[PDB]
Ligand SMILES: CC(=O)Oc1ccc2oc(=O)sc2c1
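Next up: a single chain in structure tokens, the form deposited without the named molecule.
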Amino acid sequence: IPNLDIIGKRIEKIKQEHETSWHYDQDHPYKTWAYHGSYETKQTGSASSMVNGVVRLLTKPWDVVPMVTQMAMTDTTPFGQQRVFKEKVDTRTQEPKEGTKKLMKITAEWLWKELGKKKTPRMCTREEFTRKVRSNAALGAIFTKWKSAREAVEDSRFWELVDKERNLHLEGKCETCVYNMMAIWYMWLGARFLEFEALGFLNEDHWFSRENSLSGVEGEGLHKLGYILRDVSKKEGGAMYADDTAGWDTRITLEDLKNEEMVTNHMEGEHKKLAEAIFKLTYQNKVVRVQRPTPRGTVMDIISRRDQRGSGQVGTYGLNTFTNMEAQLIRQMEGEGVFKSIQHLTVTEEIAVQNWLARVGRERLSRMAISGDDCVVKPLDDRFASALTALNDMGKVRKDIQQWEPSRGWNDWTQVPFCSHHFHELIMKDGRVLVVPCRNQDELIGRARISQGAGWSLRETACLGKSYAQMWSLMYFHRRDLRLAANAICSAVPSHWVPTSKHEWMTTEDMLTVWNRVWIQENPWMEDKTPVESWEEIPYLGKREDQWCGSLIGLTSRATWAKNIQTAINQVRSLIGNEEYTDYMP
């Protein structure tokens, strides 16, 4: 049921821009989204992402690995947009029960107060926004008008439009903040600025760093997460649990959005009203355009919904972390028996929850590592595994397990999945112990073989390959195939070309210098600061184990690849052209 007093102004402006073709399509497919109308549009998107020809030429054995090549096959055409919508986005999560709602409000109020003890909400500025625009992903949709975000921020007319929308937000109205599905949702840059202005502080001021949030890992980096998992495992308690949620963003409820909004209770002045506009007008009452193929050509559908979360927003990461922290705390409460029924919370139970949060709240937060929808929890004991009523009633249904089957955890932290990795102790030649990340190698190579844009020059393609190679040399040096592949890419691309997207692999610094900085000098879990003097000193995983986040070391095709790698390197060099290359292949 749509509230036209909040969304009608947005819908009418779109309707007036397409009055001739605007119509209600009685054959529309939307079930749990409110459908408003359609108009004729030009099809956007493509049914395949571009392959990185440099990386591909240097990773020939993986041409026949289906896991690798399947990753290249995206579909952003109207046909492709409707599949993902039908499968993932067109669902409904039931409203939580009264007791669940009271648990969430109490916990969320407590959590915001903890996060705000040492932080103060503030407004982010146009200059902050303009500086970040001169970098990358703001996730704006630029359509018929500017050509890029860098061109828009320089134009004075652009900020006049922002001012017009901002003034409307100040009077509690919204007219241009519309989501576009081209599942990832885009907005026009002015709508992104208004959200960044109101909520960017959560990221800019590191509200979910581990120091400030205890559970969060914002800013940590892959080379630190394994150490953080190992520290959590040192706590007394039950097994470590890491349940994935099925389609987290689609399971964010209106109740969740309202609890995330209580961060406005910590705000003042026009900042509070601006953030309240973002929450009520654009998060809890969203208008979405999505393309749909019809026998008569592509149409754009205008649809709306209150409850879900739009992937790619400014506060998406932080608010997902907030709500997951809140959800996992409540599951810890349920396991410890702090309340007994989610149908309603007795006044005695409500005081018990409040006392539990005051007594042990911060300790229980430190038993968790949470990044967006990704969580690891080491609870007090294993009652957690079957404490499922609040989690299911909040809509956070676990993936790949029956609704009421108890969760299975791990007693060995090196088996716990987190941020799509597992983490291992790696013994150096001098006896020091690294905790390194491991991920399936086919997935790593498949992602490096994907070019991010369309119509990229060979130089930008080569610099993206170099960026992957250097990330591999810093994060996955312990995998035989990736160290070799990284060396080949860096030998094939001119040494002075800059890798193209903050992260430590994004310069032309000597990668051994960066390795020493990351893993030794600035590594707080590395007491002996003696640096290593060569790559030969830096070890691999066991040859049995290395093979098995995906390696091919035992294969005939890999042995041939490794032996003739210089031929492929020379081939790439002949295309970039006469240039100055460094040989990294020892």
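For every residue, the number given is its place in the sequence shown, counted from 1.
Not on display, but discussed next: the form deposited with the named molecule bound.
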Should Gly237 be counted as a contact of the named molecule in the entry with it bound, where contact means heavy atoms within 4.5 Å?
no
Is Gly221 near the named molecule? Define near as a heavy atom within 4.5 Å, in the entry with it bound.
yes
Heavy atom to heavy atom, is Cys419 within 4.5 Å of the named molecule in the entry with it bound?
yes
Should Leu225 be counted as a contact of the named molecule in the entry with it bound, where contact means heavy atoms within 4.5 Å?
yes
Using heavy atoms and a 4.5 Å cut-off, decide whether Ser371, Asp510 and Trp535 all contact the named molecule in the entry with it bound.
yes
Taking the named molecule in the entry with it bound as the reference, which of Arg289, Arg483, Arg305, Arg331 has a non-hydrogen atom within 4.5 Å?
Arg483
Taking the named molecule in the entry with it bound as the reference, which of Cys490, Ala108, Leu214, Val232 has a non-hydrogen atom within 4.5 Å?
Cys490
Of these, 110-118, 262-270, 468-476, 126-134, which stretch puts a heavy atom within 4.5 angstroms of the named molecule in the entry with it bound?
468-476
